[PDB]
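Each remark here refers to the structure printed beneath this line.
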Amino acid sequence: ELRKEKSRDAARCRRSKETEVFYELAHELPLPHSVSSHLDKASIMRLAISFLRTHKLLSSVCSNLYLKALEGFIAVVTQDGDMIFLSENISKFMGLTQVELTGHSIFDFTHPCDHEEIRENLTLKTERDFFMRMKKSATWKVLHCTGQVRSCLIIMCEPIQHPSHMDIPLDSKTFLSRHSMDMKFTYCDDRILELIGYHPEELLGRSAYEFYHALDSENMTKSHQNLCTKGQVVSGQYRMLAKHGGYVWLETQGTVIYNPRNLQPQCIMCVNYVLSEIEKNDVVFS
Amino acid sequence: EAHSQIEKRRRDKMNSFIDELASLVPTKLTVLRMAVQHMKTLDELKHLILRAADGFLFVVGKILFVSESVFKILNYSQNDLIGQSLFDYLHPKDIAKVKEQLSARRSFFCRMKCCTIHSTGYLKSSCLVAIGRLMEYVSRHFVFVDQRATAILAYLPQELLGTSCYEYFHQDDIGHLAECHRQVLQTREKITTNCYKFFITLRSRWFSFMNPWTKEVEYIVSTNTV
DNA sequence: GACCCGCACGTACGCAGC
DNA sequence: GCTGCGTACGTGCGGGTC
């Protein structure tokens, strides 16, 4: 009859003291007052640990307008699949803010059975480049990644737009084209004659896998199957011949459409960047 | 009845995070007390974003301002470009390009002068702000004509293209080459070599290549050596 | 007019000594 | 040989979001 009272009184006091210590540790945080002091208890711990790590491993390799005038955001991860820091512009290119995504697992936001490559990239072996797809009623989204690895990895992120609505002034050396599912030409814009000079009557069912040169084919095959498996692609460096021989350099960022009535990938198209002028004028190869 | 599992798991995460902090500090309400103490002694971005995508900041209009070490990627000093025109620093094709591209976002390349620079930016005051960022032959069927092969085997491309390999090949060892051709036809991946000739010993490596959609092999691409 | 989750309220015990 | 600190687990009670 006497044990319960002592136990409950001591327990009540200890409960109160623990929650109060928790909240005070929460108070001093990089976040402002309003949106930090009224959060759930689970996020406080991971947010504080994330701040500690991003202020600790920052000095491991250490010694006003860089975030803006920059397309995308800066992320960073470790080998356990957990981002630490995110840039403030994250709230305009994938839809969410920093506070919910600052210590959670990338595995719970990426596409499952599309992560063995990421788990291989994150481990040790200085220069790593790859591709990665990432995010309620969440629709999936595409993404491009570059950077250097410490063990951590600091990454750059530049998503591709959709040429259905293009908010950029395409230049006079940026011609448009459309292709078919098996890398076969269908249509060329009327911007080509001044740049490299073909006629559309030849730009037809001829296979596109003929103009690439030397190792360009054995790398754009990987780029094409990357577009087949993913939604988009950004190609590194390749050429495409002209009407009188020689190579002219072009780069692309492809896309894939879907159908309101169906589920297959219907149509693909590219955007072209004329880089160098016509080269090796006289000599021909085909 | 069966929320015990979800609450057990969340308890497990709770105790793991409250228990592992000892590593991140250089040393359990005592632990939280010393940690909230430790928080009190609490341009960091350069130290990663300089290492993240290379490049350096320049501003356009003249040109008004750059980073400290721009000669790392462009090879120019700091006072030899201020008070100095960007137009009298560039190639003329890119001159017409940037004249067309002077006046929200800007995805554009350059062919700048001491170097193909992919750079992005936005307008400000008029003026501009933008970060910058930097004895063999090869042919295949032979539909394709290489570069040094016509000096190698002494034959102009007015006599080779658009014909089969063994049409002109001397069939003194056409059999072992035939056996190799059968094996490399469906081998994919890496194919090694055995001897072949023309008078001129060429030791072919072939790579079975294939459209990753139509699922039917069409072309190969050689890296023929001697 | 409610379903799922986070926080709080209950106890049945490993341990050190007078 | 038997009593207060630290601990583990079950149960309810009440706040959003569709």
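In the structure tokens, chains take the letters A, B, ... in the order shown, each chain's residues start at 1, and ligands count up from 1 in the order shown.
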Looking only at the backbone, which of the residues in region 76-194 of chain A does DSSP tag as strand (DSSP E or B), as a ChimeraX atom specification?
/A:76-78,83-86,110,127,130-131,134,141,144-149,152-157,162,165,176-179,184-188
Output file for the residues above (N, CA and C atoms, as a CSV table (one decimal), in the first residue's frame):
```
chain,number,residue,atom,x,y,z
A,76,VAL,N,24.6,16.8,-49.5
A,76,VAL,CA,25.8,16.1,-49.0
A,76,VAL,C,25.3,14.9,-48.3
A,77,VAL,N,26.0,13.7,-48.4
A,77,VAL,CA,25.6,12.5,-47.8
A,77,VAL,C,26.8,11.7,-47.3
A,78,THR,N,26.6,10.7,-46.5
A,78,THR,CA,27.6,9.7,-46.1
A,78,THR,C,27.2,8.3,-46.6
A,83,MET,N,21.4,12.2,-45.7
A,83,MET,CA,21.9,13.5,-46.0
A,83,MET,C,22.0,14.3,-44.7
A,84,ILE,N,23.0,15.2,-44.6
A,84,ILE,CA,23.2,16.1,-43.5
A,84,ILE,C,22.8,17.5,-43.7
A,85,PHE,N,23.3,18.1,-44.7
A,85,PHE,CA,23.0,19.5,-45.0
A,85,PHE,C,22.3,19.6,-46.4
A,86,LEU,N,21.4,20.6,-46.5
A,86,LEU,CA,20.7,20.9,-47.7
A,86,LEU,C,20.7,22.4,-47.9
A,110,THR,N,14.3,8.0,-52.4
A,110,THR,CA,14.6,7.5,-53.8
A,110,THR,C,13.7,6.4,-54.2
A,127,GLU,N,36.7,11.5,-58.1
A,127,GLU,CA,35.8,12.1,-59.1
A,127,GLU,C,34.7,11.1,-59.4
A,130,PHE,N,27.3,10.6,-61.9
A,130,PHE,CA,26.2,9.5,-62.1
A,130,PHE,C,24.9,10.2,-62.3
A,131,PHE,N,23.8,9.4,-62.2
A,131,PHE,CA,22.4,9.9,-62.3
A,131,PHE,C,21.6,9.3,-61.2
A,134,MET,N,14.6,11.0,-57.8
A,134,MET,CA,14.2,11.3,-56.5
A,134,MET,C,12.8,12.0,-56.5
A,141,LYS,N,10.6,12.2,-59.8
A,141,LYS,CA,11.3,13.3,-60.5
A,141,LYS,C,12.7,12.9,-60.8
A,144,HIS,N,20.2,15.3,-61.9
A,144,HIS,CA,21.6,15.1,-62.4
A,144,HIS,C,22.6,15.5,-61.2
A,145,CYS,N,23.7,14.7,-61.1
A,145,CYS,CA,24.5,14.8,-60.0
A,145,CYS,C,26.0,14.8,-60.4
A,146,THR,N,26.8,15.7,-59.7
A,146,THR,CA,28.2,15.7,-59.9
A,146,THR,C,28.8,16.0,-58.5
A,147,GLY,N,30.2,15.8,-58.5
A,147,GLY,CA,30.9,16.3,-57.3
A,147,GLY,C,32.1,15.4,-56.9
A,148,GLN,N,32.6,15.7,-55.8
A,148,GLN,CA,33.8,15.0,-55.3
A,148,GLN,C,33.6,14.5,-53.9
A,149,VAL,N,34.1,13.3,-53.6
A,149,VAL,CA,33.9,12.5,-52.4
A,149,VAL,C,35.1,12.7,-51.5
A,152,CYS,N,32.4,11.0,-47.0
A,152,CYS,CA,31.2,11.7,-47.4
A,152,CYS,C,31.2,12.0,-48.9
A,153,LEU,N,30.2,12.7,-49.3
A,153,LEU,CA,30.2,13.2,-50.7
A,153,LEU,C,29.4,14.4,-50.9
A,154,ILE,N,30.0,15.5,-51.3
A,154,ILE,CA,29.3,16.7,-51.6
A,154,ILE,C,28.8,16.7,-53.1
A,155,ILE,N,27.6,17.0,-53.3
A,155,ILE,CA,27.0,16.9,-54.6
A,155,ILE,C,26.4,18.2,-55.1
A,156,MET,N,26.4,18.3,-56.4
A,156,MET,CA,25.6,19.4,-57.1
A,156,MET,C,24.4,18.7,-57.7
A,157,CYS,N,23.3,19.5,-57.8
A,157,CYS,CA,22.0,19.0,-58.4
A,157,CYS,C,21.5,20.1,-59.3
A,162,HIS,N,11.4,20.8,-68.9
A,162,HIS,CA,10.6,20.1,-69.9
A,162,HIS,C,10.3,21.0,-71.0
A,165,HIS,N,7.4,23.6,-71.9
A,165,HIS,CA,7.5,25.0,-71.4
A,165,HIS,C,8.9,25.3,-71.1
A,176,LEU,N,16.4,22.4,-83.0
A,176,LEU,CA,15.5,21.4,-82.4
A,176,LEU,C,15.4,20.2,-83.3
A,177,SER,N,15.1,19.1,-82.7
A,177,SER,CA,15.0,17.8,-83.5
A,177,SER,C,14.1,16.9,-82.7
A,178,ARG,N,13.5,15.9,-83.3
A,178,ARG,CA,12.7,14.8,-82.7
A,178,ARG,C,13.2,13.5,-83.2
A,179,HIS,N,13.2,12.5,-82.4
A,179,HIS,CA,13.7,11.1,-82.7
A,179,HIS,C,12.6,10.1,-82.4
A,184,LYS,N,16.3,6.8,-84.2
A,184,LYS,CA,16.1,7.0,-85.6
A,184,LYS,C,15.4,8.3,-85.9
A,185,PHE,N,16.0,9.1,-86.8
A,185,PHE,CA,15.5,10.5,-87.0
A,185,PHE,C,14.1,10.5,-87.6
A,186,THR,N,13.4,11.6,-87.2
A,186,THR,CA,12.0,11.8,-87.7
A,186,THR,C,11.9,13.3,-88.2
A,187,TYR,N,12.6,14.2,-87.6
A,187,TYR,CA,12.3,15.6,-87.9
A,187,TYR,C,13.4,16.5,-87.4
A,188,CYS,N,13.8,17.5,-88.3
A,188,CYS,CA,14.8,18.5,-88.0
A,188,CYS,C,14.2,19.9,-88.2
```
Residues of chain A within 7 Å of chain B, counting only C-alpha atoms, as a ChimeraX atom specification
/A:18,25,45,62,69-70,147-148,154-156,168,182,214,225,285-286
Those selected residues, please, written with N, CA, C and O atoms and delivered as a PDB file, in the first residue's frame.
```
ATOM      1  N   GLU A  18      13.013  15.529 -17.692  1.00  0.00           N
ATOM      2  CA  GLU A  18      13.575  15.068 -18.960  1.00  0.00           C
ATOM      3  C   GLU A  18      13.013  15.860 -20.135  1.00  0.00           C
ATOM      4  O   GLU A  18      13.767  16.319 -21.009  1.00  0.00           O
ATOM      5  N   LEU A  25      17.544  22.142 -24.924  1.00  0.00           N
ATOM      6  CA  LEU A  25      18.563  21.823 -25.921  1.00  0.00           C
ATOM      7  C   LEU A  25      18.062  22.140 -27.320  1.00  0.00           C
ATOM      8  O   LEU A  25      18.849  22.526 -28.195  1.00  0.00           O
ATOM      9  N   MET A  45      16.192  15.483 -32.114  1.00  0.00           N
ATOM     10  CA  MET A  45      17.431  14.733 -31.945  1.00  0.00           C
ATOM     11  C   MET A  45      18.221  14.672 -33.247  1.00  0.00           C
ATOM     12  O   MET A  45      19.418  14.996 -33.282  1.00  0.00           O
ATOM     13  N   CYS A  62      38.760  21.937 -44.463  1.00  0.00           N
ATOM     14  CA  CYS A  62      38.433  23.351 -44.601  1.00  0.00           C
ATOM     15  C   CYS A  62      39.637  24.197 -44.978  1.00  0.00           C
ATOM     16  O   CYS A  62      39.592  24.934 -45.972  1.00  0.00           O
ATOM     17  N   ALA A  69      22.376  32.957 -58.108  1.00  0.00           N
ATOM     18  CA  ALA A  69      23.152  32.824 -59.338  1.00  0.00           C
ATOM     19  C   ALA A  69      23.740  31.418 -59.425  1.00  0.00           C
ATOM     20  O   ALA A  69      24.943  31.218 -59.598  1.00  0.00           O
ATOM     21  N   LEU A  70      22.858  30.433 -59.274  1.00  0.00           N
ATOM     22  CA  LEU A  70      23.218  29.021 -59.265  1.00  0.00           C
ATOM     23  C   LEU A  70      21.952  28.193 -59.432  1.00  0.00           C
ATOM     24  O   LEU A  70      20.964  28.426 -58.729  1.00  0.00           O
ATOM     25  N   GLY A 147      30.152  15.810 -58.455  1.00  0.00           N
ATOM     26  CA  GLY A 147      30.866  16.260 -57.279  1.00  0.00           C
ATOM     27  C   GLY A 147      32.062  15.391 -56.947  1.00  0.00           C
ATOM     28  O   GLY A 147      32.450  14.505 -57.707  1.00  0.00           O
ATOM     29  N   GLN A 148      32.631  15.673 -55.769  1.00  0.00           N
ATOM     30  CA  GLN A 148      33.817  15.007 -55.252  1.00  0.00           C
ATOM     31  C   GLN A 148      33.567  14.457 -53.850  1.00  0.00           C
ATOM     32  O   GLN A 148      32.889  15.083 -53.027  1.00  0.00           O
ATOM     33  N   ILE A 154      29.987  15.502 -51.333  1.00  0.00           N
ATOM     34  CA  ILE A 154      29.295  16.748 -51.620  1.00  0.00           C
ATOM     35  C   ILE A 154      28.840  16.720 -53.071  1.00  0.00           C
ATOM     36  O   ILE A 154      29.635  16.435 -53.973  1.00  0.00           O
ATOM     37  N   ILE A 155      27.563  17.017 -53.303  1.00  0.00           N
ATOM     38  CA  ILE A 155      26.995  16.864 -54.635  1.00  0.00           C
ATOM     39  C   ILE A 155      26.398  18.178 -55.113  1.00  0.00           C
ATOM     40  O   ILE A 155      25.965  19.026 -54.325  1.00  0.00           O
ATOM     41  N   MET A 156      26.379  18.329 -56.432  1.00  0.00           N
ATOM     42  CA  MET A 156      25.620  19.360 -57.115  1.00  0.00           C
ATOM     43  C   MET A 156      24.375  18.730 -57.721  1.00  0.00           C
ATOM     44  O   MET A 156      24.363  17.544 -58.066  1.00  0.00           O
ATOM     45  N   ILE A 168      13.691  29.768 -71.114  1.00  0.00           N
ATOM     46  CA  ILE A 168      15.045  30.233 -71.395  1.00  0.00           C
ATOM     47  C   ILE A 168      15.116  30.739 -72.832  1.00  0.00           C
ATOM     48  O   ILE A 168      14.452  30.183 -73.717  1.00  0.00           O
ATOM     49  N   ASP A 182      13.903   3.966 -81.303  1.00  0.00           N
ATOM     50  CA  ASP A 182      15.089   3.154 -81.545  1.00  0.00           C
ATOM     51  C   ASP A 182      16.264   3.986 -82.048  1.00  0.00           C
ATOM     52  O   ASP A 182      17.138   3.472 -82.747  1.00  0.00           O
ATOM     53  N   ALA A 214      34.199   6.596 -83.337  1.00  0.00           N
ATOM     54  CA  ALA A 214      35.175   5.968 -82.433  1.00  0.00           C
ATOM     55  C   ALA A 214      34.483   5.604 -81.134  1.00  0.00           C
ATOM     56  O   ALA A 214      33.538   4.786 -81.182  1.00  0.00           O
ATOM     57  N   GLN A 225      20.730   3.693 -73.216  1.00  0.00           N
ATOM     58  CA  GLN A 225      20.055   2.785 -72.296  1.00  0.00           C
ATOM     59  C   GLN A 225      19.779   3.452 -70.953  1.00  0.00           C
ATOM     60  O   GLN A 225      18.858   3.035 -70.243  1.00  0.00           O
ATOM     61  N   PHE A 285      34.051  10.206 -94.403  1.00  0.00           N
ATOM     62  CA  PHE A 285      34.185   8.911 -93.750  1.00  0.00           C
ATOM     63  C   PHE A 285      33.063   7.929 -94.060  1.00  0.00           C
ATOM     64  O   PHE A 285      33.203   6.746 -93.732  1.00  0.00           O
ATOM     65  N   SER A 286      31.960   8.371 -94.656  1.00  0.00           N
ATOM     66  CA  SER A 286      30.859   7.470 -94.974  1.00  0.00           C
ATOM     67  C   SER A 286      30.497   7.563 -96.450  1.00  0.00           C
ATOM     68  O   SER A 286      30.249   6.554 -97.102  1.00  0.00           O
TER      69      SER A 286
END
```
Can you pull out the residues contacting residue 10 (chain D)? Cut-off 12 Å, using only C-alpha atoms (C1' of nucleotides), and skip same-chain residues under 4 positions away; I want them as number ranges by chain.
B: 1-5, 7-8; C: 9-12
Grab the residues selected above and save them as a PDB file, in the first residue's frame with N, CA, C and O atoms (P, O5', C5', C4', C3', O3' and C1' of nucleotides).
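Output contents, as saved in result-v9.pdb:
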```pdb
ATOM      1  N   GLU B   1      -4.815  -3.105 -31.157  1.00  0.00           N
ATOM      2  CA  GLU B   1      -4.095  -4.090 -30.361  1.00  0.00           C
ATOM      3  C   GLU B   1      -2.625  -4.156 -30.757  1.00  0.00           C
ATOM      4  O   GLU B   1      -1.750  -4.360 -29.916  1.00  0.00           O
ATOM      5  N   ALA B   2      -2.365  -3.963 -32.048  1.00  0.00           N
ATOM      6  CA  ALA B   2      -1.057  -4.203 -32.647  1.00  0.00           C
ATOM      7  C   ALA B   2      -0.318  -2.913 -32.999  1.00  0.00           C
ATOM      8  O   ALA B   2       0.323  -2.820 -34.048  1.00  0.00           O
ATOM      9  N   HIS B   3      -0.408  -1.895 -32.149  1.00  0.00           N
ATOM     10  CA  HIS B   3       0.501  -0.762 -32.258  1.00  0.00           C
ATOM     11  C   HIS B   3       1.754  -0.952 -31.415  1.00  0.00           C
ATOM     12  O   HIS B   3       2.669  -0.119 -31.482  1.00  0.00           O
ATOM     13  N   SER B   4       1.815  -2.039 -30.639  1.00  0.00           N
ATOM     14  CA  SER B   4       3.002  -2.328 -29.847  1.00  0.00           C
ATOM     15  C   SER B   4       4.241  -2.412 -30.722  1.00  0.00           C
ATOM     16  O   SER B   4       5.318  -1.984 -30.307  1.00  0.00           O
ATOM     17  N   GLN B   5       4.102  -2.921 -31.946  1.00  0.00           N
ATOM     18  CA  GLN B   5       5.256  -3.055 -32.830  1.00  0.00           C
ATOM     19  C   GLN B   5       5.782  -1.690 -33.267  1.00  0.00           C
ATOM     20  O   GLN B   5       6.992  -1.428 -33.206  1.00  0.00           O
ATOM     21  N   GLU B   7       5.319   1.212 -31.840  1.00  0.00           N
ATOM     22  CA  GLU B   7       5.861   1.968 -30.718  1.00  0.00           C
ATOM     23  C   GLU B   7       7.169   1.363 -30.218  1.00  0.00           C
ATOM     24  O   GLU B   7       8.067   2.103 -29.803  1.00  0.00           O
ATOM     25  N   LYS B   8       7.318   0.037 -30.283  1.00  0.00           N
ATOM     26  CA  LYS B   8       8.597  -0.576 -29.946  1.00  0.00           C
ATOM     27  C   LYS B   8       9.696  -0.100 -30.889  1.00  0.00           C
ATOM     28  O   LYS B   8      10.805   0.227 -30.447  1.00  0.00           O
TER      29      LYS B   8
ATOM     30  P    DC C   9       1.266  12.685 -17.289  1.00  0.00           P
ATOM     31  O5'  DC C   9       0.646  11.234 -16.990  1.00  0.00           O
ATOM     32  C5'  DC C   9      -0.785  11.054 -17.002  1.00  0.00           C
ATOM     33  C4'  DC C   9      -1.183   9.597 -16.782  1.00  0.00           C
ATOM     34  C3'  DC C   9      -0.705   8.979 -15.469  1.00  0.00           C
ATOM     35  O3'  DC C   9      -1.721   8.144 -14.877  1.00  0.00           O
ATOM     36  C1'  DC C   9       0.056   7.676 -17.264  1.00  0.00           C
ATOM     37  P    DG C  10      -1.561   7.730 -13.335  1.00  0.00           P
ATOM     38  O5'  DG C  10      -0.706   6.424 -13.434  1.00  0.00           O
ATOM     39  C5'  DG C  10      -0.813   5.442 -12.496  1.00  0.00           C
ATOM     40  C4'  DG C  10      -0.777   4.156 -13.245  1.00  0.00           C
ATOM     41  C3'  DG C  10       0.220   3.152 -12.742  1.00  0.00           C
ATOM     42  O3'  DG C  10      -0.394   2.370 -11.752  1.00  0.00           O
ATOM     43  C1'  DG C  10       0.358   3.371 -15.117  1.00  0.00           C
ATOM     44  P    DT C  11       0.220   2.332 -10.274  1.00  0.00           P
ATOM     45  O5'  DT C  11       1.269   1.130 -10.344  1.00  0.00           O
ATOM     46  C5'  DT C  11       0.802  -0.208 -10.454  1.00  0.00           C
ATOM     47  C4'  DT C  11       1.412  -0.902 -11.659  1.00  0.00           C
ATOM     48  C3'  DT C  11       2.511  -1.920 -11.332  1.00  0.00           C
ATOM     49  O3'  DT C  11       2.133  -3.211 -11.785  1.00  0.00           O
ATOM     50  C1'  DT C  11       3.134  -0.500 -13.141  1.00  0.00           C
ATOM     51  P    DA C  12       2.244  -4.474 -10.798  1.00  0.00           P
ATOM     52  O5'  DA C  12       3.544  -5.264 -11.314  1.00  0.00           O
ATOM     53  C5'  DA C  12       3.485  -6.028 -12.523  1.00  0.00           C
ATOM     54  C4'  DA C  12       4.870  -6.479 -12.978  1.00  0.00           C
ATOM     55  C3'  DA C  12       5.681  -7.273 -11.957  1.00  0.00           C
ATOM     56  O3'  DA C  12       6.496  -8.229 -12.644  1.00  0.00           O
ATOM     57  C1'  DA C  12       6.864  -5.344 -12.526  1.00  0.00           C
TER      58       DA C  12
END
```
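For the pair CA of residue 6 (chain B) and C1' of residue 6 (chain C), the separation is 11.7 Å.
Residue nearest chain C, chosen from A:12, A:6, A:230, A:17 and counting only C-alpha atoms (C1' of nucleotides): A:12.
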Please, which residues of chain A lie no more than 10 Å from chain C when the count uses only C-alpha atoms (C1' of nucleotides), and can they be set out as an NGL selection string?
:A and (4 or 7-8 or 12 or 15 or 40-42)
DSSP on the backbone, helix (DSSP H, G or I) only: what residues of region 10-50 of chain A does that give? Format it as a PyMOL selection string.
chain A and resi 10-27+41-50
Can I get the selection written as a short mmCIF file (atom, residue, chain, number, x, y, z; two decimals), in the first residue's frame, with C-alpha atoms?
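So the final result, stored in again-v3.cif, reads:
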```cif
data_model
loop_
_atom_site.label_atom_id
_atom_site.label_comp_id
_atom_site.auth_asym_id
_atom_site.auth_seq_id
_atom_site.Cartn_x
_atom_site.Cartn_y
_atom_site.Cartn_z
CA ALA A 10 9.41 10.20 -8.24
CA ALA A 11 8.41 9.11 -11.74
CA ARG A 12 6.34 12.23 -12.34
CA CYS A 13 9.19 14.55 -11.38
CA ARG A 14 11.69 12.66 -13.55
CA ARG A 15 9.35 12.72 -16.57
CA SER A 16 8.93 16.48 -16.31
CA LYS A 17 12.65 17.17 -15.92
CA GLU A 18 13.58 15.07 -18.96
CA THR A 19 11.15 16.79 -21.31
CA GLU A 20 12.27 20.23 -20.09
CA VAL A 21 15.95 19.46 -20.75
CA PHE A 22 14.96 18.25 -24.22
CA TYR A 23 13.19 21.46 -25.11
CA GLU A 24 15.97 23.72 -23.88
CA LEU A 25 18.56 21.82 -25.92
CA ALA A 26 16.21 22.29 -28.87
CA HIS A 27 15.94 26.03 -28.36
CA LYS A 41 10.33 15.23 -30.45
CA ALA A 42 11.78 12.80 -33.00
CA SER A 43 13.07 15.55 -35.29
CA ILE A 44 14.85 17.47 -32.52
CA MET A 45 17.43 14.73 -31.94
CA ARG A 46 18.25 14.11 -35.61
CA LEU A 47 18.32 17.84 -36.41
CA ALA A 48 20.76 18.58 -33.59
CA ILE A 49 22.99 15.64 -34.53
CA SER A 50 22.90 16.77 -38.17
#
```
